[PDB]
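Below is one structure, written out as structure tokens; comments come after it.
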Amino acid sequence: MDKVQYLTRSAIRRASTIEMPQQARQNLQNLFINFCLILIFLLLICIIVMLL
């Protein structure tokens, strides 16, 4: 790596934050529900496997 490091930095930062600063902020919300889903369900799936 040597050029793909700065080329990528400007590929998303100067494209996904200047053209969709209002949408990207709202879309990022999906990261919260996804983690919370996998974070709370990873425990429930164990209740049935540890009993049946």
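Just so we're on the same page: first chain in the structure tokens is A, next is B, and so on; residues restart at 1 for each chain, and ligands are numbered from 1 in the order they show up.
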**Request:** Give the alpha helix (DSSP H) residues of chain A, as DSSP finds them on the backbone, and put them as a PyMOL selection string.
**Result:** chain A and resi 4-16+21-27+29-49
- Quick one: distance from atom CA of residue A:6 to atom CA of residue A:30 in Å, one decimal?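 Those two atoms sit 27.0 Å apart.
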Check: Could you work out how far atom CA of residue A:35 lies from atom CA of residue A:20, giving the answer in Å with one decimal?
Finding: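 Distance reported for this atom pair: 22.9 Å.
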